[PDB]
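S.K.: After the structure tokens below, expect a handful of questions from me.
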Amino acid sequence: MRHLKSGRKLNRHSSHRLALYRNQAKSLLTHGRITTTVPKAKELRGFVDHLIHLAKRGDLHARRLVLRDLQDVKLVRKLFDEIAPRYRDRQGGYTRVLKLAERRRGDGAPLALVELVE
Amino acid sequence: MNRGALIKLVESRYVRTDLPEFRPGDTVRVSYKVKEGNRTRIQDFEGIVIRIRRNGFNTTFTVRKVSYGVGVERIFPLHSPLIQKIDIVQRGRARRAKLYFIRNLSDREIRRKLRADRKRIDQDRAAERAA
Amino acid sequence: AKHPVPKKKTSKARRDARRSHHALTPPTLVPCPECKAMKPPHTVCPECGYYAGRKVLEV
Amino acid sequence: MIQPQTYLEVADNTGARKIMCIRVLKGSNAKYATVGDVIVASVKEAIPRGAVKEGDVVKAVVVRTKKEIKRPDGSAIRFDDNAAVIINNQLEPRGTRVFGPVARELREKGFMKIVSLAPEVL
Amino acid sequence: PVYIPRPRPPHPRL
Amino acid sequence: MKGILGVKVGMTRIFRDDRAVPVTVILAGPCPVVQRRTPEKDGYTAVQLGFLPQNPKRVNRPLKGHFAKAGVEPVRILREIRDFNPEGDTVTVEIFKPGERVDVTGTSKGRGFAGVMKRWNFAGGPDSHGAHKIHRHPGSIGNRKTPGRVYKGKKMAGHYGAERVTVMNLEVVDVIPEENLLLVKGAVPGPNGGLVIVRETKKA
RNA sequence: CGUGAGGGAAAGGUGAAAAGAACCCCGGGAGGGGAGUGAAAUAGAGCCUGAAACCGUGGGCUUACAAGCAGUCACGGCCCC
RNA sequence: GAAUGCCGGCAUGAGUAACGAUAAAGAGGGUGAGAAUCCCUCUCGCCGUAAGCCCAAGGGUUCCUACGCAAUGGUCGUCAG
RNA sequence: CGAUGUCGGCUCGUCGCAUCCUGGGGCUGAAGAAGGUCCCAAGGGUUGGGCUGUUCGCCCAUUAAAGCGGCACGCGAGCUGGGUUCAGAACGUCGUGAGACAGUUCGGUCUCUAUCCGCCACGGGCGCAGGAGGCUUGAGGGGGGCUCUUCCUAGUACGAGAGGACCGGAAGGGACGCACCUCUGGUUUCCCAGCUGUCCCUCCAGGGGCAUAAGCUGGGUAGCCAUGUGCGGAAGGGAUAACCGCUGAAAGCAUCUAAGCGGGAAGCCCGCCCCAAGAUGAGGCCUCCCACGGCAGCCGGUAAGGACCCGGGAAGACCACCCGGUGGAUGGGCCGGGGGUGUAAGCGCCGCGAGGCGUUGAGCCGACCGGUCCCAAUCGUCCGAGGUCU
Ligand SMILES: [Mg+2]
Ligand SMILES: [Mg+2]
Ligand SMILES: [Mg+2]
Ligand SMILES: [Mg+2]
Ligand SMILES: [Mg+2]
Ligand SMILES: [Mg+2]
Ligand SMILES: [Mg+2]
Ligand SMILES: [Mg+2]
Ligand SMILES: [Mg+2]
Ligand SMILES: [Mg+2]
Ligand SMILES: [Mg+2]
Ligand SMILES: [Mg+2]
Ligand SMILES: [Mg+2]
Ligand SMILES: [Mg+2]
Ligand SMILES: [Mg+2]
Ligand SMILES: [Mg+2]
Ligand SMILES: [Mg+2]
Ligand SMILES: [Mg+2]
Ligand SMILES: [Mg+2]
Ligand SMILES: [Mg+2]
Ligand SMILES: [Mg+2]
Ligand SMILES: [Mg+2]
Ligand SMILES: [Mg+2]
Ligand SMILES: [Mg+2]
Ligand SMILES: [Mg+2]
Ligand SMILES: [Mg+2]
Ligand SMILES: [Mg+2]
Ligand SMILES: [Mg+2]
Ligand SMILES: [Mg+2]
Ligand SMILES: [Mg+2]
Ligand SMILES: [Mg+2]
Ligand SMILES: [Mg+2]
Ligand SMILES: [Mg+2]
Ligand SMILES: [Mg+2]
Ligand SMILES: [Mg+2]
Ligand SMILES: [Mg+2]
Ligand SMILES: [Mg+2]
Ligand SMILES: [Mg+2]
Ligand SMILES: [Mg+2]
Ligand SMILES: [Mg+2]
Ligand SMILES: [Mg+2]
Ligand SMILES: [Mg+2]
Ligand SMILES: [Mg+2]
Ligand SMILES: [Mg+2]
Ligand SMILES: [Mg+2]
Ligand SMILES: [Mg+2]
Ligand SMILES: [Mg+2]
Ligand SMILES: [Mg+2]
Ligand SMILES: [Mg+2]
Ligand SMILES: [Mg+2]
Ligand SMILES: [Mg+2]
Ligand SMILES: [Mg+2]
Ligand SMILES: [Mg+2]
Ligand SMILES: [Mg+2]
Ligand SMILES: [Mg+2]
Ligand SMILES: [Mg+2]
Ligand SMILES: [Mg+2]
Ligand SMILES: [Mg+2]
Ligand SMILES: [Mg+2]
Ligand SMILES: [Mg+2]
Ligand SMILES: [Mg+2]
Ligand SMILES: [Mg+2]
Ligand SMILES: [Mg+2]
Ligand SMILES: [Mg+2]
Ligand SMILES: [Mg+2]
Ligand SMILES: [Mg+2]
Ligand SMILES: [Mg+2]
Ligand SMILES: [Mg+2]
Ligand SMILES: [Mg+2]
Ligand SMILES: [Mg+2]
Ligand SMILES: [Mg+2]
Ligand SMILES: [Mg+2]
Ligand SMILES: [Mg+2]
Ligand SMILES: [Mg+2]
Ligand SMILES: [Mg+2]
Ligand SMILES: [Mg+2]
Ligand SMILES: [Mg+2]
Ligand SMILES: [Mg+2]
Ligand SMILES: [Mg+2]
Ligand SMILES: [Mg+2]
Ligand SMILES: [Mg+2]
Ligand SMILES: [Mg+2]
Ligand SMILES: [Mg+2]
Ligand SMILES: [Mg+2]
Ligand SMILES: [Mg+2]
Ligand SMILES: [Mg+2]
Ligand SMILES: [Mg+2]
Ligand SMILES: [Mg+2]
Ligand SMILES: [Mg+2]
Ligand SMILES: [Mg+2]
Ligand SMILES: [Mg+2]
Ligand SMILES: [Mg+2]
Ligand SMILES: [Mg+2]
Ligand SMILES: [Mg+2]
Ligand SMILES: [Mg+2]
Ligand SMILES: [Mg+2]
Ligand SMILES: [Mg+2]
Ligand SMILES: [Mg+2]
Ligand SMILES: [Mg+2]
Ligand SMILES: [Mg+2]
Ligand SMILES: [Mg+2]
Ligand SMILES: [Mg+2]
Ligand SMILES: [Mg+2]
Ligand SMILES: [Mg+2]
Ligand SMILES: [Mg+2]
Ligand SMILES: [Mg+2]
Ligand SMILES: [Mg+2]
Ligand SMILES: [Mg+2]
Ligand SMILES: [Mg+2]
Ligand SMILES: [Mg+2]
Ligand SMILES: [Mg+2]
Ligand SMILES: [Mg+2]
Ligand SMILES: [Mg+2]
Ligand SMILES: [Mg+2]
Ligand SMILES: [Mg+2]
Ligand SMILES: [Mg+2]
Ligand SMILES: [Mg+2]
Ligand SMILES: [Mg+2]
Ligand SMILES: [Mg+2]
Ligand SMILES: [Mg+2]
Ligand SMILES: [Mg+2]
Ligand SMILES: [Mg+2]
Ligand SMILES: [Mg+2]
Ligand SMILES: [Mg+2]
Ligand SMILES: [Mg+2]
Ligand SMILES: [Mg+2]
Ligand SMILES: [Mg+2]
Ligand SMILES: [Mg+2]
Ligand SMILES: [Mg+2]
Ligand SMILES: [Mg+2]
Ligand SMILES: [Mg+2]
Ligand SMILES: [Mg+2]
Ligand SMILES: [Mg+2]
Ligand SMILES: [Mg+2]
Ligand SMILES: [Mg+2]
Ligand SMILES: [Mg+2]
Ligand SMILES: [Mg+2]
Ligand SMILES: [Mg+2]
Ligand SMILES: [Mg+2]
Ligand SMILES: [Mg+2]
Ligand SMILES: [Mg+2]
Ligand SMILES: [Mg+2]
Ligand SMILES: [Mg+2]
Ligand SMILES: [Mg+2]
Ligand SMILES: [Mg+2]
Ligand SMILES: [Mg+2]
Ligand SMILES: [Mg+2]
Ligand SMILES: [Mg+2]
Ligand SMILES: [Mg+2]
Ligand SMILES: [Mg+2]
Ligand SMILES: [Mg+2]
Ligand SMILES: [Mg+2]
Ligand SMILES: [Mg+2]
Ligand SMILES: [Mg+2]
Ligand SMILES: [Mg+2]
Ligand SMILES: [Mg+2]
Ligand SMILES: [Mg+2]
Ligand SMILES: [Mg+2]
Ligand SMILES: [Mg+2]
Ligand SMILES: [Mg+2]
Ligand SMILES: [Mg+2]
Ligand SMILES: [Mg+2]
Ligand SMILES: [Mg+2]
Ligand SMILES: [Mg+2]
Ligand SMILES: [Mg+2]
Ligand SMILES: [Mg+2]
Ligand SMILES: [Mg+2]
Ligand SMILES: [Mg+2]
Ligand SMILES: [Mg+2]
Ligand SMILES: [Mg+2]
Ligand SMILES: [Mg+2]
Ligand SMILES: [Mg+2]
Ligand SMILES: [Mg+2]
Ligand SMILES: [Mg+2]
Ligand SMILES: [Mg+2]
Ligand SMILES: [Mg+2]
Ligand SMILES: [Zn+2]
């Protein structure tokens with residue numbers, strides 16, 4: 001049973017999944033868009049949204065909060081300076097996931113893109 | 001439909017609103033209506049509230065006292081109609097929300113850990129300077 | 001346990017009867033509105049990168 | 001929540017101090033005694049010259065317990081020990097007094113002597 | 001297969 | 001013999017004569033009758049109740065014509081009530097008074113594939129003293145050459161829950177007709193949000 | 001294979017002649033399709049003949065209320081000659 | 001037609017068990033007919049009296065570089081002992 | 001004998017009835033209570049311990065009672081392996097000996113993959129002469145079925161007394177079963193806090209990794225849960241067992257019987273809960289589409305409808321099931337509440353300092369109750385009646 005339970009496992013233990021999400025966050029925030037499996041994408045959405053939102057708050061406390069997951073003063077500076085302001089009026093929904101048509105050759109996995117919106 | 005709202009609605013006719021706020025660590029006296037066949041009297045119970053678990057109308061707090069050599073704890077519904085009143089006897093300062101640990105503590109050792117909360121005692125006297 | 005084992009060889013009729021549920025179901029396909037190419041629904045078109053009416057990626 | 005092999009502190013001045021429950025007198029196959037139930041028990045430790053002595057197979061009413069007791073009014077009460085009072089076949093205290101609080105459940109169960117002898121009825 | 005795995009010992013029917 | 005369709009809202013507890021009374025809140029009414037079963041037409045008696053109004057955007061033509069034959073706005077569910085035939089075209093909580101005793105049927109929570117221990121309260125095996133990978137196992141399931149088979153109805157692992165269950169003789173604690181709410185003492189099958197039927201009790 | 005003494009296999013055949021398939025097409029290749037050689041190419045080198053188990057495609061009859069060492073005897077139906 | 005016969009071949013079990021330590025992965029870029037699996041960069045995890053380095057035995061070209069991917073590699077492979 | 005694993009235990013039961021208990025009876029050397037003995041009855045129930053490998057048995061403490069048997073002395077492709085039943089070793093005993101022993105003693109490898117039947121679950125297919133969406137009858141199955149104490153009647157009947165009822169009426173339990181999570185109590189793998197060592201970011205402050213597949217510790221929501229809560233055993237109708245009769249001959253009397261009728265059990269039938277029209281005997285009712293185009297047949301294009309694909313779900317192994325798909329609150333975000341934690345960071349003040357105080361119930365914050373189209377359920381596709389004959 002799994003009733004009313006939130007959160008995919010992604011076949012990783014408690015610290016691997018987290019490093020997975022943090023690394024996915026850095027890469028997406030860095031490149032603007034990335035390709036993952038569809039399940040990992042859906043879980044990244046909220047993981048990144050929160051950080052983008054904390055950046056909109058702007059305060060020092062938010063910056064330190066974010067640096068726990070992102071750890072890159074430069075990229076957190078990019079988050080607060082160039083990414084955060086283009087969302088000032090967007091009440092959530094800072095990312096989107098669109099499925100791709102073809103799967104990998106070697107394990108058949110379905111893929112999708114995660115991107116920051118406009 | 002808002003199932004949460006309806007539940008609060010059933011609860012509202014029983015929701016109590018005449019009881020002083022308290023916290024874990026506070027010493028407190030609960031005046032409790034008890035039946036003793038076939039009459040009903042008011043039995044007092046005075047101790048440290050060591051636990052308060054919140055679920056709206058269903059909140060319940062746990063009070064600990066030492067009684068004639070034996071440690072006794074009692075749980076009360078915070079909105080029970082059986083509580084005459086709650087008298088605040090002492091505002092103590094705890095650093096966590098559940099004080100289960102005080103059970104394995106000596107008398108003076110508890111005295112140390114739950115020193116008087118001057119800040120909420122100054123409030124205790126500030127209010128009650130009323131019209 | 002004690003190493004269970006097939007007591008008899010499965011007949012050609014029984015072998016294949018078990019495979020009565022083994023056919024592939026063909027892929028669900030829909031034409032792409034922009035370039036009229038057949039592609040699975042709810043995916044970005046891999047022949048023109050159009051989805052929801054707009055170009056979403058280079059092909 | 002007392003069961004066979006449970007040790008109970010002895011709450012009177014019978015001379016006993018510890019007893020080990022060997023049976024819950026509550027029908028065929030009751031699993032646990034609470035406050036108010038009777039148990040047969042063996043005296044595992046008693047002080048010298050007491051009306052009860054080590055080895056005696058006595059009866060007892062459980063006056064207070066470590067597992068909380070729930071109540072129709074929605075409240076509960078929990079003690080720091082499991083305690084018992086040694087009784088006779090008429091369910092009367094063999095001792096001359098009771099030490100400590102006892103559970104109010106004892107009153108409406110016909111253990112009125114022990115409830116009076118009790119310093120506190122909680 | 002020049003190596004034959006030795007058979008398991010029988011259940012003792014004595 | 002009266003019935004009504006409802007939705008399990010949640011559990012709480014009230015206070016009544018200085019007693020904690022655990023109750024389940026059921027949002028019962030209002031239930032429009034959609035079709036009456038007659039011995040002439042069907043061989044038995046019943047009223048097919050309707051419950052929870054539905055967006056016509058989703059109600060197909062065969063059912064729209066069914067509702068229309070009753071002058072009822074399309075509703076989400078229909079369920080009959082055997083041997084019950086009210087006077088109006090609407091059935092509400094007001095058919096139940098406090099102190100009455102009801103029978104509640106709901107769809108039980110779904111355990112899915114359940115082990116022999118959870119479903120059948122089998123004792124399993126030991127956890128030490130040599131047990132070999134059988135700690136949650138059923139044990140034996142038969143004899144030997146006689147009968148050389150396993151009984152029908154033998155208790156084994158398999159899907160458990162998500163089935164129709166009925167709880168008998170539930171006291172009615174309060175009726176709040178303006179919010180269409182039924183307060184019943186005790187527990188009702190299944191999850192909050194799930195559909196239930198509240199009938200008069202068959203006990204005495 | 002065995003430290004060693006020692007043990008100890010499997011594996012023959014295009015065609016008369018290489019005339020052993022230029023060149024073109026699909027293909028990364030492998031393979032194939034044409035062209036061409038030959039009396040013959042399901043003699044194309046994984047090559048004479050090419051059985052059987054075994055695997056598959058196509059067609060006729062047949063089968064989802066039925067009890068079976070699978071056949072046999074009878075009658076009926078459908079398809080073929 | 002049987003010798004748990006001998007040699008060979010092909011079935012069944014079956015698209016089943018398994019794919020060999022639970023130190024662990026993610027992205028971006030490049031190459032290529034083809035990329036989870038090769039190269040590059042960033043991020044993450046593992047060892048650190050070692051899972052790092054130097055000898056001896058044993059192994060015998062496996063070293064380095066170019067060109068390759070039929071087979072070998074428990075998948076894939078453009079990579080490789 | 002080209003192998004049918006052997007004791008006891010554990011697990012899971014199922015049947016018998018020569019019945020341990022509970023129900024119904026006759027007789028009694030049955031006053032009452034409580035027994036005896038036999039009859040009927042297999043529905044349910046039939047406890048926990050000490051000793052021993054034990055089965056068996058004795059003992060302790062209870063109980064309504066602590067029943068006896070069959071199923072390869074039920075059950076090792078379900079477990080165990082203490083005993084038996086290999087090789088070691090020792091004692092007693094026998095034997096010159098090697099060795100022996102229903103003599104003893106300590107130790108001594110129990111085989112990952114289920115093909116067929118059977119079984120628990122779950123689908124796919126076809127069928128139920130038109131095609132569909134709903135709601136249903138219940139043939140037939142299955143589940144359940146236990147019992148105690150106290151009290152009123154009443155210290156009455158009975159009894160010299162002790163003792164102590166029938167019938168009838170209350171209340172409260174044990175064990176079991178189904179469901180549930182409000183309370184009580186668990187868990188809650190990253191929801192919060194505190195702590196050590198080390199490495200790091202960025203020097204301070206603040207943080208991150210690792211110490212487990214949570215480093216450790218104090219807590220802890222939803223969910224899943226029992227130790228917790230609700231509820232069930234029936235009632236009642238019917239037909240009977242033994243047993244007791246009414247009326248009544250054969251057979252002037254008598255006779256429960258031969259004609260006929262009544263009473264009578266925890267048992268049988270029904271009632272209750274659950275499955276259930278593949279019930280091929282394929283049931284019923286409501287509503288929807290409808291005489292299509294071309295040669296009981298064939299191929300088309302549709303209708304009502306359906307599926308595919310998608311967002312999801314206290315539904316779930318896959319499948320199935322249920323909700324939703326922009327005329328939309330389905331998931332993710334965002335916002336409010338609830339809830340956990342227990343007063344963040346930064347700054348100011350105090351102290352040489354560890355710290356302390358204030359700002360501040362602050363900061364953080366999964367799942368719960370809702371709100372809001374900010375992001376994704378874009379766009380579509382394929383099936384799908386024309387109704388055989390008497
Ligand atoms: Mg699990
Ligand atoms: Mg969810
Ligand atoms: Mg895994
Ligand atoms: Mg995996
Ligand atoms: Mg870790
Ligand atoms: Mg978040
Ligand atoms: Mg998409
Ligand atoms: Mg796809
Ligand atoms: Mg690949
Ligand atoms: Mg096994
Ligand atoms: Mg075995
Ligand atoms: Mg094993
Ligand atoms: Mg198995
Ligand atoms: Mg095996
Ligand atoms: Mg075949
Ligand atoms: Mg065949
Ligand atoms: Mg088969
Ligand atoms: Mg298969
Ligand atoms: Mg198929
Ligand atoms: Mg002693
Ligand atoms: Mg002694
Ligand atoms: Mg004491
Ligand atoms: Mg051999
Ligand atoms: Mg072998
Ligand atoms: Mg229902
Ligand atoms: Mg269960
Ligand atoms: Mg259980
Ligand atoms: Mg267990
Ligand atoms: Mg073992
Ligand atoms: Mg095993
Ligand atoms: Mg184990
Ligand atoms: Mg199990
Ligand atoms: Mg056997
Ligand atoms: Mg048989
Ligand atoms: Mg189900
Ligand atoms: Mg060699
Ligand atoms: Mg050699
Ligand atoms: Mg030749
Ligand atoms: Mg030649
Ligand atoms: Mg020639
Ligand atoms: Mg030649
Ligand atoms: Mg080319
Ligand atoms: Mg070629
Ligand atoms: Mg070709
Ligand atoms: Mg060619
Ligand atoms: Mg010729
Ligand atoms: Mg030929
Ligand atoms: Mg030839
Ligand atoms: Mg020749
Ligand atoms: Mg040939
Ligand atoms: Mg050939
Ligand atoms: Mg051939
Ligand atoms: Mg064929
Ligand atoms: Mg039939
Ligand atoms: Mg047929
Ligand atoms: Mg036959
Ligand atoms: Mg004939
Ligand atoms: Mg022969
Ligand atoms: Mg042969
Ligand atoms: Mg054989
Ligand atoms: Mg062979
Ligand atoms: Mg074959
Ligand atoms: Mg083979
Ligand atoms: Mg094979
Ligand atoms: Mg498979
Ligand atoms: Mg298999
Ligand atoms: Mg498998
Ligand atoms: Mg294997
Ligand atoms: Mg596998
Ligand atoms: Mg392995
Ligand atoms: Mg590997
Ligand atoms: Mg591996
Ligand atoms: Mg680690
Ligand atoms: Mg990454
Ligand atoms: Mg890569
Ligand atoms: Mg690759
Ligand atoms: Mg590749
Ligand atoms: Mg590389
Ligand atoms: Mg070191
Ligand atoms: Mg070390
Ligand atoms: Mg050398
Ligand atoms: Mg070598
Ligand atoms: Mg190279
Ligand atoms: Mg290769
Ligand atoms: Mg290759
Ligand atoms: Mg290749
Ligand atoms: Mg080559
Ligand atoms: Mg290989
Ligand atoms: Mg390979
Ligand atoms: Mg390998
Ligand atoms: Mg290449
Ligand atoms: Mg190299
Ligand atoms: Mg034999
Ligand atoms: Mg054999
Ligand atoms: Mg044999
Ligand atoms: Mg054998
Ligand atoms: Mg038996
Ligand atoms: Mg009998
Ligand atoms: Mg009897
Ligand atoms: Mg009797
Ligand atoms: Mg008598
Ligand atoms: Mg008798
Ligand atoms: Mg019985
Ligand atoms: Mg029996
Ligand atoms: Mg016993
Ligand atoms: Mg024992
Ligand atoms: Mg002992
Ligand atoms: Mg023992
Ligand atoms: Mg014994
Ligand atoms: Mg014995
Ligand atoms: Mg008796
Ligand atoms: Mg046996
Ligand atoms: Mg037995
Ligand atoms: Mg056995
Ligand atoms: Mg075994
Ligand atoms: Mg055995
Ligand atoms: Mg067996
Ligand atoms: Mg066997
Ligand atoms: Mg042994
Ligand atoms: Mg052993
Ligand atoms: Mg001797
Ligand atoms: Mg001698
Ligand atoms: Mg011997
Ligand atoms: Mg003997
Ligand atoms: Mg000895
Ligand atoms: Mg040893
Ligand atoms: Mg031994
Ligand atoms: Mg084997
Ligand atoms: Mg099978
Ligand atoms: Mg098979
Ligand atoms: Mg068979
Ligand atoms: Mg079906
Ligand atoms: Mg039908
Ligand atoms: Mg029936
Ligand atoms: Mg049948
Ligand atoms: Mg009286
Ligand atoms: Mg008299
Ligand atoms: Mg009575
Ligand atoms: Mg809870
Ligand atoms: Mg809750
Ligand atoms: Mg709790
Ligand atoms: Mg977190
Ligand atoms: Mg941590
Ligand atoms: Mg650190
Ligand atoms: Mg620092
Ligand atoms: Mg590190
Ligand atoms: Mg490390
Ligand atoms: Mg914890
Ligand atoms: Mg806890
Ligand atoms: Mg929780
Ligand atoms: Mg009768
Ligand atoms: Mg007579
Ligand atoms: Mg007469
Ligand atoms: Mg007669
Ligand atoms: Mg009669
Ligand atoms: Mg009964
Ligand atoms: Mg039904
Ligand atoms: Mg049907
Ligand atoms: Mg049906
Ligand atoms: Mg039939
Ligand atoms: Mg799903
Ligand atoms: Mg739909
Ligand atoms: Mg659509
Ligand atoms: Mg929504
Ligand atoms: Mg939402
Ligand atoms: Mg929220
Ligand atoms: Mg909040
Ligand atoms: Mg709040
Ligand atoms: Mg709060
Ligand atoms: Mg502060
Ligand atoms: Mg601060
Ligand atoms: Mg600070
Ligand atoms: Mg200073
Ligand atoms: Mg808070
Ligand atoms: Mg709106
Ligand atoms: Mg389209
Ligand atoms: Zn396109």
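Residues in the structure tokens are named by chain (A, B, ... in the order shown) and by number from 1 within that chain; ligands are numbered from 1 in the order shown.
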Check chain F with DSSP on the backbone and list each residue it calls helix (DSSP H, G or I), as a PyMOL selection string.

M.R.: chain F and resi 56-58+61-68+93-95+116-120

S.K.: Skip residue 74 in chain D itself and residues of its chain fewer than 6 positions away, then list as a PyMOL selection string all residues within 8 Å of it, counting only C-alpha atoms (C1' of nucleotides).

M.R.: (chain B and resi 76-77+80) or (chain F and resi 19-20) or (chain I and resi 183)

S.K.: Near chain I, meaning an atom within 10 Å, which residues of chain A appear when counting only C-alpha atoms (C1' of nucleotides)? Write them as a ChimeraX atom specification.

M.R.: /A:1-7,12-15,18,42-50,53,59-62,64-65,67-73,89-98,117

S.K.: Can you work out the spacing between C1' of residue 234 in chain I and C1' of residue 177 in chain I in Å, to one decimal?

M.R.: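 Separation between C1' of residue 234 in chain I and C1' of residue 177 in chain I: 14.7 Å.
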
S.K.: Do you know which residues are within 9 Å of ligand 68 using only C-alpha atoms (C1' of nucleotides) and all ligand atoms? Can you write them as a list in words?

M.R.: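 So, counting only C-alpha atoms (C1' of nucleotides) and all ligand atoms, the residues near ligand 68 are residues 17 and 18 of chain H; 112 and 113 of chain I.
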
S.K.: Store the residues picked out above in a file with N, CA, C and O atoms (P, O5', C5', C4', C3', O3' and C1' of nucleotides), as a PDB file, in the first residue's frame.

M.R.:
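Result file part-v9.pdb:
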```
ATOM      1  P     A H  17      11.619 -14.251 -14.469  1.00  0.00           P
ATOM      2  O5'   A H  17      12.723 -15.267 -13.956  1.00  0.00           O
ATOM      3  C5'   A H  17      12.741 -15.695 -12.607  1.00  0.00           C
ATOM      4  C4'   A H  17      13.972 -16.505 -12.334  1.00  0.00           C
ATOM      5  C3'   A H  17      15.268 -15.727 -12.295  1.00  0.00           C
ATOM      6  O3'   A H  17      15.472 -15.071 -11.060  1.00  0.00           O
ATOM      7  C1'   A H  17      15.549 -17.628 -13.650  1.00  0.00           C
ATOM      8  P     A H  18      15.976 -13.551 -11.026  1.00  0.00           P
ATOM      9  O5'   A H  18      17.407 -13.629 -11.711  1.00  0.00           O
ATOM     10  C5'   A H  18      18.495 -14.301 -11.096  1.00  0.00           C
ATOM     11  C4'   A H  18      19.554 -14.590 -12.119  1.00  0.00           C
ATOM     12  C3'   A H  18      20.311 -13.380 -12.647  1.00  0.00           C
ATOM     13  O3'   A H  18      21.401 -13.014 -11.826  1.00  0.00           O
ATOM     14  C1'   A H  18      19.546 -14.683 -14.456  1.00  0.00           C
TER      15        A H  18
ATOM     16  P     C I 112      17.116 -24.663  -1.317  1.00  0.00           P
ATOM     17  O5'   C I 112      16.711 -24.536  -2.843  1.00  0.00           O
ATOM     18  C5'   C I 112      17.360 -23.616  -3.700  1.00  0.00           C
ATOM     19  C4'   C I 112      16.660 -22.282  -3.738  1.00  0.00           C
ATOM     20  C3'   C I 112      15.649 -22.061  -4.860  1.00  0.00           C
ATOM     21  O3'   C I 112      14.349 -22.525  -4.532  1.00  0.00           O
ATOM     22  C1'   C I 112      17.170 -20.240  -4.780  1.00  0.00           C
ATOM     23  P     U I 113      13.339 -23.084  -5.659  1.00  0.00           P
ATOM     24  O5'   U I 113      13.536 -22.135  -6.912  1.00  0.00           O
ATOM     25  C5'   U I 113      12.828 -20.904  -6.985  1.00  0.00           C
ATOM     26  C4'   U I 113      12.392 -20.565  -8.390  1.00  0.00           C
ATOM     27  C3'   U I 113      11.681 -21.676  -9.152  1.00  0.00           C
ATOM     28  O3'   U I 113      10.727 -21.079 -10.011  1.00  0.00           O
ATOM     29  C1'   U I 113      13.577 -20.979 -10.361  1.00  0.00           C
TER      30        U I 113
END
```

S.K.: Compute the set of chain F residues within 12 Å of chain D, using only C-alpha atoms, and express it as a VMD selection string.

M.R.: chain F and resid 13 to 22

S.K.: Ligand 105: which residues are within 12 Å, counting only C-alpha atoms (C1' of nucleotides) and all ligand atoms? Reply as a list in words.

M.R.: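 So the residues close to ligand 105 are residues 46, 47, 48, 49, 50, 60, 62 and 66 of chain I.
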
S.K.: Would you mind exporting C-alpha atoms (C1' of nucleotides) of the selected residues as a PDB file, in the first residue's frame?

M.R.:
```
ATOM      1  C1'   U I  46     -12.588 -26.621  23.864  1.00  0.00           C
ATOM      2  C1'   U I  47      -6.917 -21.398  28.112  1.00  0.00           C
ATOM      3  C1'   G I  48      -1.823 -20.082  30.070  1.00  0.00           C
ATOM      4  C1'   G I  49       2.051 -22.126  32.370  1.00  0.00           C
ATOM      5  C1'   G I  50       6.638 -25.833  35.288  1.00  0.00           C
ATOM      6  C1'   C I  60       0.731 -25.185  39.017  1.00  0.00           C
ATOM      7  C1'   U I  62      -7.717 -21.023  35.712  1.00  0.00           C
ATOM      8  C1'   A I  66     -10.012 -27.744  29.487  1.00  0.00           C
TER       9        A I  66
END
```
